[PDB]
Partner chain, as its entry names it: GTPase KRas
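Presented as structure tokens, the chain that follows is alone, the form deposited without the partner chain.
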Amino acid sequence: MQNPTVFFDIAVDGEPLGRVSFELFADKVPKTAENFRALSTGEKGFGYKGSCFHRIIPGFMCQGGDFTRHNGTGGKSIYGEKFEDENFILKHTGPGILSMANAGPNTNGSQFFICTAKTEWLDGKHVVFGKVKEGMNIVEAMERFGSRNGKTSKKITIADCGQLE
């Protein structure tokens, strides 16, 4: 019927920058789509407010999803430690696509990233479903503050998180 959208209020150096919306294919991938927005909704109670992007890399993508420790660890899904990939119907067609990062097969757990460039080398193993409806210009901004080491020159936090439609 509808494609749930979620967004993050990104603030740099204690001040707001903008918001980014995302289009999730619930019909195509009900498993990842519900889990993906579920974390934002905080139905289970994660309620990650102000969480900063766990890891950002320039010329590749912005990695995040870790809200409990913000160190790439402690992240967890509503179902449990990890969940299976629904399918690879939607691939890394282009930039702005949101994908569920994992440490291996069927180990998605809690972790997703916003790609900035087409990653064919990531496709075929990493389940992916999502795109930026609007606010990419903001995503790129976050990428600018990213580094090879994964650390950010500035401080990116989520001023507010909720379910958009």
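Numbering follows the first chain given and starts at 1.
Just so it is clear, the following notes concern the form solved in complex with the partner chain, a form of the same protein that is not shown.
Although the partner is absent here, residue 98 lies well away from the partner chain in the deposited bound form, with no heavy atom inside 4.5 Å. Taking the partner from elsewhere, residue 122 is found to have a heavy atom lying within 4.5 Å of the partner chain in the deposited bound form. In the deposited bound form, the partner chain stays beyond 4.5 Å of every heavy atom belonging to residue 131.
Taking the partner chain as positioned in the deposited bound form, the residues of 114-153 that bring a heavy atom within 4.5 Å of it are, in sequence order, 121, 122, 148, 149, 151.
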